(Lines of atoms letter the chains of each structure in order from A and count residues from 1; the text may use other names and numbers.)
(Lines give C-alpha, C1' and ligand atoms only; values in the text may rest on other atoms or scores of the structure.)
Protein backbone atom coordinates (compact mmCIF):
# COMPACT_ATOMS: atom_id res chain seq x y z
CA UNK A 1 0.00 0.00 0.00
CA UNK A 2 0.99 3.63 -0.56
CA UNK A 3 1.53 6.03 2.37
CA UNK A 4 1.72 9.59 1.03
CA UNK A 5 3.65 12.33 2.82
CA UNK A 6 3.41 16.14 2.65
CA UNK A 7 6.30 18.51 3.29
CA UNK A 8 5.50 20.68 6.35
CA UNK A 9 6.62 23.68 4.29
CA UNK A 10 3.30 23.58 2.38
CA UNK A 11 1.55 25.07 5.45
CA UNK A 12 3.09 28.43 4.45
CA UNK A 13 0.83 28.64 1.38
CA UNK A 14 -2.04 26.19 2.07
CA UNK A 15 -2.67 25.93 5.83
CA UNK A 16 -5.58 23.66 6.55
CA UNK A 17 -5.22 21.59 3.38
CA UNK A 18 -6.78 18.13 3.69
CA UNK A 19 -7.16 15.21 1.30
CA UNK A 20 -8.50 11.68 1.13
CA UNK A 21 -5.81 9.22 -0.01
CA UNK A 22 -7.57 6.04 -1.19
CA UNK A 23 -5.73 2.81 -2.08
CA UNK A 24 -7.79 0.40 -4.19
CA UNK A 25 -7.48 -3.25 -5.17
CA UNK A 26 -9.72 -3.55 -8.23
CA UNK A 27 -11.87 -6.45 -9.46
CA UNK A 28 -13.30 -7.56 -12.83
CA UNK A 29 -15.72 -5.04 -14.31
CA UNK A 30 -19.38 -6.10 -14.05
CA UNK A 31 -21.36 -2.82 -14.44
CA UNK A 32 -19.40 -0.83 -17.02
CA UNK A 33 -21.95 2.00 -17.35
CA UNK A 34 -21.40 3.26 -13.76
CA UNK A 35 -18.91 5.90 -14.87
CA UNK A 36 -20.89 7.16 -17.86
CA UNK A 37 -24.11 7.57 -15.86
CA UNK A 38 -22.51 9.32 -12.87
CA UNK A 39 -20.76 11.70 -15.28
CA UNK A 40 -23.95 12.57 -17.17
CA UNK A 41 -25.72 13.35 -13.88
CA UNK A 42 -22.71 15.31 -12.56
CA UNK A 43 -22.75 17.55 -15.65
CA UNK A 44 -26.43 18.35 -15.11
CA UNK A 45 -25.74 19.09 -11.43
CA UNK A 46 -23.06 21.61 -12.43
CA UNK A 47 -25.32 23.11 -15.11
CA UNK A 48 -27.96 23.41 -12.40
CA UNK A 49 -25.39 25.53 -10.46
CA UNK A 50 -24.26 22.90 -7.95
CA UNK A 51 -22.48 22.64 -5.60
CA UNK A 52 -22.81 25.68 -3.35
CA UNK A 53 -19.12 25.92 -2.35
CA UNK A 54 -17.80 25.67 -5.92
CA UNK A 55 -16.72 29.27 -6.52
CA UNK A 56 -15.22 29.68 -3.05
CA UNK A 57 -13.31 26.40 -3.32
CA UNK A 58 -12.01 27.16 -6.82
CA UNK A 59 -11.00 30.69 -5.77
CA UNK A 60 -9.07 29.24 -2.82
CA UNK A 61 -7.16 26.88 -5.12
CA UNK A 62 -6.29 29.77 -7.44
CA UNK A 63 -4.87 31.72 -4.51
CA UNK A 64 -2.75 28.67 -3.63
CA UNK A 65 -1.55 28.26 -7.22
CA UNK A 66 -0.53 31.93 -7.32
CA UNK A 67 1.41 31.43 -4.08
CA UNK A 68 3.91 29.12 -5.81
CA UNK A 69 4.16 31.29 -8.91
CA UNK A 70 1.61 29.71 -11.27
CA UNK A 71 -0.86 31.55 -13.51
CA UNK A 72 -4.12 29.74 -12.68
CA UNK A 73 -5.93 31.11 -15.73
CA UNK A 74 -3.34 29.37 -17.91
CA UNK A 75 -2.76 26.25 -15.75
CA UNK A 76 -5.92 25.71 -13.68
CA UNK A 77 -6.53 23.09 -11.04
CA UNK A 78 -8.19 19.96 -12.40
CA UNK A 79 -11.54 20.75 -10.79
CA UNK A 80 -11.85 24.12 -12.54
CA UNK A 81 -10.68 22.72 -15.90
CA UNK A 82 -13.51 20.18 -15.87
CA UNK A 83 -16.11 22.68 -14.64
CA UNK A 84 -15.25 25.16 -17.41
CA UNK A 85 -15.57 22.45 -20.08
CA UNK A 86 -19.00 21.38 -18.80
CA UNK A 87 -20.22 25.00 -18.68
CA UNK A 88 -18.95 25.54 -22.24
CA UNK A 89 -20.36 22.43 -23.94
CA UNK A 90 -23.09 21.22 -21.57
CA UNK A 91 -21.50 17.77 -21.50
CA UNK A 92 -18.21 15.87 -21.31
CA UNK A 93 -16.93 12.97 -23.38
CA UNK A 94 -16.25 9.44 -22.20
CA UNK A 95 -12.73 8.03 -22.13
CA UNK A 96 -12.70 5.12 -19.69
CA UNK A 97 -15.33 4.04 -17.12
CA UNK A 98 -13.11 4.71 -14.07
CA UNK A 99 -11.86 8.09 -15.30
CA UNK A 100 -15.45 9.10 -16.08
CA UNK A 101 -16.44 8.09 -12.54
CA UNK A 102 -13.76 10.09 -10.78
CA UNK A 103 -14.21 13.11 -13.07
CA UNK A 104 -17.92 12.83 -12.16
CA UNK A 105 -16.99 13.01 -8.46
CA UNK A 106 -14.78 16.02 -9.10
CA UNK A 107 -17.62 17.81 -10.92
CA UNK A 108 -20.44 17.00 -8.49
CA UNK A 109 -18.41 18.12 -5.43
CA UNK A 110 -16.21 20.81 -7.06
CA UNK A 111 -13.12 19.08 -5.70
CA UNK A 112 -9.85 18.16 -7.47
CA UNK A 113 -9.70 14.36 -7.85
CA UNK A 114 -6.63 12.52 -9.15
CA UNK A 115 -6.46 8.86 -10.19
CA UNK A 116 -3.32 6.83 -10.86
CA UNK A 117 -1.93 3.35 -11.48
CA UNK A 118 -0.27 2.58 -8.18
CA UNK A 119 1.75 -0.29 -9.70
CA UNK A 120 3.72 2.33 -11.69
CA UNK A 121 4.96 4.09 -8.53
CA UNK A 122 8.56 3.74 -7.32
CA UNK A 123 8.38 4.52 -3.62
CA UNK A 124 5.55 6.43 -2.06
CA UNK A 125 3.93 9.67 -3.30
CA UNK A 126 5.18 12.88 -1.70
CA UNK A 127 3.87 16.45 -1.99
CA UNK A 128 6.81 18.89 -1.95
CA UNK A 129 8.27 22.10 -3.37
CA UNK A 130 10.27 21.34 -6.52
CA UNK A 131 13.84 22.53 -7.06
CA UNK A 132 13.54 22.52 -10.87
CA UNK A 133 15.88 19.56 -11.52
CA UNK A 134 13.18 16.88 -11.48
CA UNK A 135 11.87 15.03 -14.54
CA UNK A 136 8.22 14.87 -15.62
CA UNK A 137 7.09 12.52 -18.40
CA UNK A 138 4.18 14.04 -20.27
CA UNK A 139 2.81 14.60 -23.77
CA UNK A 140 4.06 17.51 -25.88
CA UNK A 141 2.30 16.83 -29.21
CA UNK A 142 0.53 13.52 -28.60
CA UNK A 143 3.89 11.77 -28.26
CA UNK A 144 5.99 11.06 -25.15
CA UNK A 145 8.03 14.00 -23.90
CA UNK A 146 10.02 15.02 -20.84
CA UNK A 147 10.24 18.38 -19.08
CA UNK A 148 11.03 19.81 -15.67
CA UNK A 149 8.85 21.71 -13.17
CA UNK A 150 9.58 25.31 -12.19
CA UNK A 151 11.82 25.89 -9.15
CA UNK A 152 9.43 26.37 -6.24
CA UNK A 153 6.51 24.69 -8.05
CA UNK A 154 4.44 22.34 -5.88
CA UNK A 155 4.64 18.75 -7.17
CA UNK A 156 3.53 15.26 -6.35
CA UNK A 157 6.45 12.92 -6.97
CA UNK A 158 7.83 9.46 -6.25
CA UNK A 159 11.45 8.29 -6.10
CA UNK A 160 11.80 8.52 -9.90
CA UNK A 161 10.33 11.97 -10.53
CA UNK A 162 7.28 14.20 -10.86
CA UNK A 163 3.91 12.44 -11.10
CA UNK A 164 1.71 15.57 -11.10
CA UNK A 165 2.75 19.13 -11.93
CA UNK A 166 1.49 22.33 -10.24
CA UNK A 167 -0.15 20.39 -7.37
CA UNK A 168 -3.18 19.13 -9.29
CA UNK A 169 -2.90 20.77 -12.74
CA UNK A 170 -1.59 17.90 -14.91
CA UNK A 171 -0.88 14.23 -14.24
CA UNK A 172 2.09 12.54 -15.90
CA UNK A 173 1.96 9.69 -18.39
CA UNK A 174 3.92 7.08 -16.42
CA UNK A 175 1.30 6.70 -13.65
CA UNK A 176 -1.84 7.23 -15.77
CA UNK A 177 -4.82 5.19 -14.56
CA UNK A 178 -6.69 2.67 -16.67
CA UNK A 179 -9.87 0.78 -15.72
CA UNK A 180 -7.91 -2.48 -16.11
CA UNK A 181 -5.33 -1.57 -13.44
CA UNK A 182 -5.18 -4.11 -10.64
CA UNK A 183 -4.07 -1.43 -8.12
CA UNK A 184 -5.27 2.19 -8.06
CA UNK A 185 -4.56 5.29 -5.96
CA UNK A 186 -6.93 8.25 -5.78
CA UNK A 187 -6.33 11.61 -4.10
CA UNK A 188 -9.26 13.93 -3.39
CA UNK A 189 -7.73 17.30 -2.49
CA UNK A 190 -9.51 20.14 -0.64
CA UNK A 191 -9.07 23.49 1.17
CA UNK A 192 -11.07 24.88 4.16
CA UNK A 193 -13.46 26.54 1.69
CA UNK A 194 -14.87 23.06 1.05
CA UNK A 195 -16.70 21.61 4.09
CA UNK A 196 -14.86 18.52 5.30
CA UNK A 197 -18.17 16.63 5.54
CA UNK A 198 -18.59 17.16 1.80
CA UNK A 199 -15.10 15.72 1.19
CA UNK A 200 -16.17 12.56 3.03
CA UNK A 201 -19.27 12.47 0.83
CA UNK A 202 -17.19 12.80 -2.34
CA UNK A 203 -15.03 9.87 -1.26
CA UNK A 204 -18.19 7.88 -0.53
CA UNK A 205 -19.56 8.60 -4.01
CA UNK A 206 -16.24 7.41 -5.48
CA UNK A 207 -15.95 4.11 -3.55
CA UNK A 208 -19.64 3.32 -4.02
CA UNK A 209 -19.34 3.70 -7.78
CA UNK A 210 -16.09 1.72 -7.93
CA UNK A 211 -17.70 -1.10 -5.97
CA UNK A 212 -20.84 -1.21 -8.10
CA UNK A 213 -18.60 -1.17 -11.18
CA UNK A 214 -16.31 -3.95 -9.87
CA UNK A 215 -17.92 -6.18 -7.22
CA UNK A 216 -15.34 -7.42 -4.73
CA UNK A 217 -13.19 -4.29 -5.06
CA UNK A 218 -11.60 -3.16 -1.77
CA UNK A 219 -10.33 0.24 -0.61
CA UNK A 220 -8.35 1.83 2.23
CA UNK A 221 -8.87 5.57 2.71
CA UNK A 222 -6.81 7.92 4.89
CA UNK A 223 -7.30 11.59 5.73
CA UNK A 224 -4.02 13.50 5.28
CA UNK A 225 -3.22 17.20 5.51
CA UNK A 226 -0.87 20.06 6.31
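Positions refer to the first chain, counted from 1.
Averaged over CA atoms, B-factors in the entry run higher in 207-215 than in the other of 18-26 and 207-215. Mean CA B-factor, 154-162 versus 50-58: the higher value falls on 50-58. Highest C-alpha temperature factor among 189, 36, 197, 31 per the entry: 36. When the C-alpha B-factors of 77, 95, 113, 130 are read from the PDB record, the largest value belongs to 95. Among the modelled residues of its chain, residue 65 has a C-alpha B-factor that falls in the middle third according to the deposited record. Among all modelled residues in its chain, residue 105 ranks in the lowest third by Cα B-factor. Among the modelled residues of its chain, residue 168 has a C-alpha B-factor that falls in the lowest third according to the deposited record. Ranked within its chain, residue 42 lands in the highest third, by CA B factor from the PDB record.
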